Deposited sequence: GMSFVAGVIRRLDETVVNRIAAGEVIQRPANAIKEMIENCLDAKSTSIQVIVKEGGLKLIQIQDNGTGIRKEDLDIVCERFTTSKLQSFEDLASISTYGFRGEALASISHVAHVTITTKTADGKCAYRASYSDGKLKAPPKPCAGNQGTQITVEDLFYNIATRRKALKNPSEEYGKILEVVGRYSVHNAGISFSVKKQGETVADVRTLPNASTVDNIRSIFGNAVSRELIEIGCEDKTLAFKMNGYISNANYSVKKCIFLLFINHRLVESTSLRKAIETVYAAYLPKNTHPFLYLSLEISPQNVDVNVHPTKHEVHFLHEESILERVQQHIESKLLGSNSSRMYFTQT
């Protein structure tokens, strides 16, 4: 038994593998990029996809853009214009894809384009055509981690997941226009419009049969420091699988705990196989609160 010798991991490998762990699949890259479009005050967001996002993801917005002088560092880890940690999403994407950014600010004379590998600027940004806002292009996702590339689903399931994410951000963000299409196709698979209510976007993404059966919900509680709004299906609507959109502080989230609560409430009113449609937006800042929601929904179902 002798002592080992300590070496350093190659963190070009470490950083690639961790970035794979964060991103996971094209829908998730797209989720991060959309959130950036919304943070940059965009009112029009367009998504274009080739091969389920494995070949190309392109997202164009009309938001505030990235200043020319900041393109040097925008994809580095822990660089952010905002107050896990801020500044990891584009850095991560850039470690497992070829990223190009085309962007213009109101105060810039023209748009600039820059390309990145592993978080680093490849060359000085170059002026190009383009209007107010930002187009990010993400190519060959996981070209450098074979195991995750093969561990992804077929192109049409991955496209399916992108639709789910974008359609879901579009219900939460009524008034902002969203679209998703496959590259080289002219007709969008999802398209919402700048003057749409929350209910119109539910009708558009989820169909007239759900939109006709919605109950509006809201409750605030200053003592429990939370607010909630959204829409739920009344006791007359039933499908084979529960469609549950959940947003907590404007991020889309999954929650086995709360979907359980609400299912128990609905179990008493809906048929044996069948399930509800749920859209809830919770505003919280940093337990018994999940009683008030179960209570509030049951109250609304009884009414």
Q: Return the ranges of the deposited sequence not covered by C-alpha coordinates, sorted by sequence position.
A: 1 to 3, 87 to 98, 302 to 320, 338 to 348
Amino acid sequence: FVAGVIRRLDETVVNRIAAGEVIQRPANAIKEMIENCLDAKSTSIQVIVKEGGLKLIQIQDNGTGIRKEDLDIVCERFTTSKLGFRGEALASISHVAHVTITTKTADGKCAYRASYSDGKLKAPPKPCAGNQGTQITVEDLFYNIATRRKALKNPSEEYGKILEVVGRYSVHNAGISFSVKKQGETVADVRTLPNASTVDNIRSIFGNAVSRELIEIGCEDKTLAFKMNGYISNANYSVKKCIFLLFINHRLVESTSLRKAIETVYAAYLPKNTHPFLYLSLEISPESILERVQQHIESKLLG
From here on, numbers count along this sequence of modelled residues.
Q. Averaging C-alpha B-factors over each stretch, which comes out higher, 181 to 189 or 225 to 233?
A. 225 to 233
Q) Quick one: higher average CA temperature factor, 259 to 267 or 44 to 52? A) 259 to 267
Q: Tell me, please, which of 280, 9, 289, 19 has the highest C-alpha B factor according to the deposited entry?
A: 289
Q: Would you please rank residue 147 by its C-alpha temperature factor against the other modelled residues of its chain and give the third it falls in: lowest, middle or highest?
A: highest
Q: Check where residue 242 lands among this chain's C-alpha B-factors and tell me if it's the lowest, middle or highest third.
A: highest
Q: Would you mind ranking residue 212 by its C-alpha B-factor against the rest of the chain and naming the third, lowest, middle or highest?
A: highest
Q.
Considering every modelled residue of the chain and its Cα B-factor in the PDB entry, is residue 61 in the lowest, middle or highest third?
A. lowest
Q.
Per the entry's values, where does residue 122 land by CA temperature factor relative to the rest of its chain, in the lowest, middle or highest third?
A. middle
